[PDB]
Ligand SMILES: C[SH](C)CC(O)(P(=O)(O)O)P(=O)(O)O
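As structure tokens, one chain now follows by itself in the form deposited without this ligand.
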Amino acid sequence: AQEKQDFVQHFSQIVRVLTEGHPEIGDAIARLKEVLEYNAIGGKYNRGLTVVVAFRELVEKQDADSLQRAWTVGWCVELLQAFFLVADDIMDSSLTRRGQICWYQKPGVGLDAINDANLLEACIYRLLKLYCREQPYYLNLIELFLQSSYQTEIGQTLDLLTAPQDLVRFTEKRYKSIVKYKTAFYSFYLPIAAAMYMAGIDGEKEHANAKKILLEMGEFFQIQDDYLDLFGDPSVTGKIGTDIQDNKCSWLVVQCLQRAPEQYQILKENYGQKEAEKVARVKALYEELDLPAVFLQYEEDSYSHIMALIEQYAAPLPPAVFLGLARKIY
């Protein structure tokens, strides 16, 4: 609830600590400052918070220090996210994000944002070392952040092969595979995995078990994001949807294609152009195949299945850690 406020207030310190007794390079550190402030503030903080919330839920040993290390690693997750978005926005030619102008679209930034994004990545490891250098799960954390990065990158590769800016490539299997690698791992496993390691919980099986739960949650959450992109109330969301315009391998086109011949063709002409003549065409076709109802039915089945997953795979972790996230996404 309000806990999010306490997490954002810790951003000040994060930036202090990453910005300093070699004065040769101050101009660069100022620039880093600006990059962090533009690019790590603005969102909803759910992934960073998840680290903190999951840490409280998972430990007994909660000294002022122990906590600080939590809001730091949370901020690391946020930093990894900023690195990806800054880079994704360039790769996509996006205009806005959070809706401010994308960092790279700022006059005088342009493609320098590639280096800025790499700096954001690097700040992860500077933080870990600053706060996470004496603890025993230090190495475990570094490895997790690196593995999460790699997965996310592989997924982005997959995405960019699948959806260069042709519908044979939009399969279920491809779609699930993009979501798992591009989104689910860093969005759902990373934050909890990280709380796990902070809380002493380092076993392969526990992590695997948690992984199984969290990737499925990830899958649903991105499917819901795709549904809501088109059929969400724009002011319950704070957006209007452009998945269709952008030739995106959305879950709605996967399912539409599974249920199309002369509607295949109708999708050819209208998926991935810019005027709401042609967005209207597909939306309305989605309505005609009852994708909303397919979605309702998926959300019901998917929830059933997450709960079965929790019953089965959670112990000896507190089910609450997984149920907290579930309540929030569903």
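Numbers for residues come from their place in the sequence shown, where the first is 1. For the two forms, the rigid core is made up of the largest set of C-alpha atoms that agree within 1.5 Å on superposition.
Omitted here: the form deposited with this ligand bound. The next part is about that form.
Mapping the unseen interface onto this chain, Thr183 counts among the residues with a heavy atom inside 4.5 Å of this ligand in the entry with it bound. In the entry with it bound, at least one heavy atom of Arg97 sits within 4.5 Å of this ligand.
Of the heavy atoms in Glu172, none are within 4.5 Å of this ligand in the entry with it bound. Proximity of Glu143 to this ligand in the entry with it bound: non-hydrogen atoms within 4.5 Å are absent; the residue sits far from the partner. This chain appears without its partner; in the entry with it bound, the one residue of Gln255, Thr162, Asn209, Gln222 with a heavy atom within 4.5 Å of this ligand is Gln222.
Although this ligand is not shown here, in the entry with it bound the stretch 235-271 places heavy atoms of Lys239, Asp243 within 4.5 Å of it, in sequence order. Of the candidates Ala40, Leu32, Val53, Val279, the Cα that moves 2 angstroms or more after core superposition between the shown form and the other one belongs to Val279 alone.
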